[PDB]
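In what follows, a structure is listed as structure tokens, so that the remarks can point back to it.
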């Protein structure tokens, strides 16, 4: 998806040049077509670890003081769901 | 060649014709179009486009693009273009330097002299302004031939020796002039002149674009006033619809994607125009031509039958709305044909040049 973001940047240069050349037809085709469509595509392409968040804080306050405060990280939920067994 | 040329520096149609051994050759600009659009777009650089390059920046350098400084020649019509204020002579001199190097390219050497024209509604202050621009750009107006006069030259309308009556309808894209011409002995008088110095076939195009966005909002409700490139596109498509419906009864115009629609769908354009609706649309712009001609008539007191030639100059008199109101008011008198109306006055001014050369 990194190339497509750069591709989104390439589309922005394309809309720049469409408007340079008087290409109204491409102006909106990029403003309401290519650029926004690649943008929704890239929003979909977002996988999730490049900035601290409201869960690393919980991780630290769990490692320290031992009290578990998290989000039931996909392994604890299955186990908690069958306890009376 | 004639060592000089002629220049119908239109109000929107700056054209220059040379003489291939007397053959009136309208030189293709380095822009390709023999007509340089008489627009000077002081791009936000200090650099200055001219022609369709400038025309394109009529929306972008709207704050720095000059049109119809032709009308403002006779003053210090001095436009604060980045550095200082550039008077109408220099704005004209820019187009003249373009045309200069276009012809130098077309030649292989800078054969530069000219016969550059004025509307018959102009005054000798505008002509002094052109004298200064000639001191500036480096082309010679060895003499000015007013535009109706160079029209009657261009079509070779040397009728009766004692005197001849030449009617001339100039509609450049940005200028209108009715003129009546008593000519004789190779000496010319534009006997009378009226017109509409604000009207032009690009005023016609502006009415067109008005309607365009009118029915755009008629169906959906978006204004291309809201989009500058859309205004450029409407204007360009409208003038090329002008030269289209100078031959075509009707021209359908269409554009892919432009702005979002009501349902957030990239809206476009698609529909017919019928030239009937066009002459309906310029109808008050056609009233802006009639009583001008009534005024030139009364100035001359001449019957349209007595007129010995009629003439169509300025590219927007390719239009048959022009020729319709001609043959209506002129009693059916056919204007003489053989040169493009933009080319006409440039051609005949060039003929005057060769008459000098």
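Methodologically, a virtual Cβ is constructed for each residue, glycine included, from the backbone with ideal geometry; neighbour enumeration extends over all protein chains shown. Each reported figure results from applying straightforward, stated rules to the coordinates on display, with no laboratory input.
Just wondering, is there one or more residues in the range B:233-245 that are touching a helix residue (DSSP H, G or I) at 6+ places or on another chain (Cβ under 7 Å), surrounded by 15 or more Cβ atoms within 10 Å (Cβ to Cβ), part of a loop (DSSP other than H, G, I, E, B) and more than 12 Å from chain A (Cβ to nearest Cβ)?
Taking the range B:233-245 first, the residues touching a helix residue (DSSP H, G or I) at 6+ places or on another chain (Cβ under 7 Å) are B:233-235, B:238-239, B:241-243, B:245.
Next cut, surrounded by 15 or more Cβ atoms within 10 Å (Cβ to Cβ) only: B:233-235, B:238-239, B:241-243, B:245.
Now drop any that are not part of a loop (DSSP other than H, G, I, E, B), which leaves none.
The answer is no; no qualifying residue exists.
Which number in (1) in contact with a helix residue (DSSP H, G or I) (Cβ under 7 Å, 6 or more places away or on another chain); (2) farther than 27 Å from residue B:179 by Cα; (3) away from every other protein chain (no Cβ under 14 Å) marks the one condition that residue B:260 misses?
Single failed check for residue B:260: (3).
Can you report the number of residues in the range B:32-44 which are away from chain A (no Cβ under 14 Å) and closer than 17 Å to residue A:20 by Cα?
Qualifying residue count for the region: 1.
Any idea which of (1) within 14 Å of another protein chain (Cβ to nearest Cβ); (2) loosely packed, with under 14 Cβ neighbours inside 10 Å is the one residue B:266 doesn't satisfy?
The number of the failed condition is (2).
Taking residue A:22 as the residue in question, decide whether it is in a loop (DSSP other than H, G, I, E, B), within 14 Å of chain B (Cβ to nearest Cβ) and either under 30 Å from residue B:56 (Cβ atoms) or out of contact with any strand residue (DSSP E or B) (no Cβ under 9 Å at 6 or more places or on another chain) (or both). Break it down into steps so the answer makes sense when it comes.
Numbers: in a loop (DSSP other than H, G, I, E, B): yes; within 14 Å of chain B (Cβ to nearest Cβ): yes; either under 30 Å from residue B:56 (Cβ atoms) or out of contact with any strand residue (DSSP E or B) (no Cβ under 9 Å at 6 or more places or on another chain) (or both): yes.
Yes.
Determine, yes or no, whether residue B:252 is surrounded by fewer than 20 Cβ atoms within 10 Å (Cβ to Cβ), over 26 Å from residue B:197 (Cβ atoms) and away from chain A (no Cβ under 12 Å).
Numbers: surrounded by fewer than 20 Cβ atoms within 10 Å (Cβ to Cβ): yes; over 26 Å from residue B:197 (Cβ atoms): yes; away from chain A (no Cβ under 12 Å): yes.
It is true that residue B:252 is surrounded by fewer than 20 Cβ atoms within 10 Å (Cβ to Cβ), over 26 Å from residue B:197 (Cβ atoms) and away from chain A (no Cβ under 12 Å).
Looking at A:71, A:82, A:12, A:34, can you tell me which residue is away from every other protein chain (no Cβ under 14 Å) and in contact with a helix residue (DSSP H, G or I) (Cβ under 7 Å, 6 or more places away or on another chain)?
Numbers: A:71 fails: in contact with a helix residue (DSSP H, G or I) (Cβ under 7 Å, 6 or more places away or on another chain); A:82 fails: in contact with a helix residue (DSSP H, G or I) (Cβ under 7 Å, 6 or more places away or on another chain); A:34 fails: away from every other protein chain (no Cβ under 14 Å).
Exactly one residue qualifies, and that residue is A:12.
Take the conditions more than 14 Å from every other protein chain (Cβ to nearest Cβ), over 30 Å from residue B:237 (Cα atoms) and not in a helix (DSSP H, G or I) and apply them to residue A:6. Does it pass? First the steps, then the outcome.
Details: more than 14 Å from every other protein chain (Cβ to nearest Cβ): yes; over 30 Å from residue B:237 (Cα atoms): yes; not in a helix (DSSP H, G or I): no.
Here the answer is no, as residue A:6 does not meet what is asked.
Would you call residue B:71 more than 19 Å from residue B:235 (Cα to Cα), within 14 Å of another protein chain (Cβ to nearest Cβ) and surrounded by fewer than 20 Cβ atoms within 10 Å (Cβ to Cβ)? Outline the logic, then answer.
Values: more than 19 Å from residue B:235 (Cα to Cα): yes; within 14 Å of another protein chain (Cβ to nearest Cβ): no; surrounded by fewer than 20 Cβ atoms within 10 Å (Cβ to Cβ): yes.
Considered against the rule, which asks whether it is more than 19 Å from residue B:235 (Cα to Cα), within 14 Å of another protein chain (Cβ to nearest Cβ) and surrounded by fewer than 20 Cβ atoms within 10 Å (Cβ to Cβ), residue B:71 comes out as no.
Pairs, please: C-beta under 7 Å, at least 6 apart or cross-chain, first residue closer than 16 Å to residue B:43 by Cβ and in the range A:17-28, second crowded, with 21+ Cβ neighbours inside 10 Å?
Close Cβ pairs satisfying both conditions: A:19/A:27; A:19/B:229; A:22/B:56; A:22/B:229; A:22/B:232; A:22/B:233.
Going through B:187, B:208 one at a time, which residue ends up being closer than 24 Å to residue B:11 by Cβ and more than 14 Å from chain A (Cβ to nearest Cβ)?
Values: B:187 fails: closer than 24 Å to residue B:11 by Cβ.
Just one listed residue meets the conditions, B:208.
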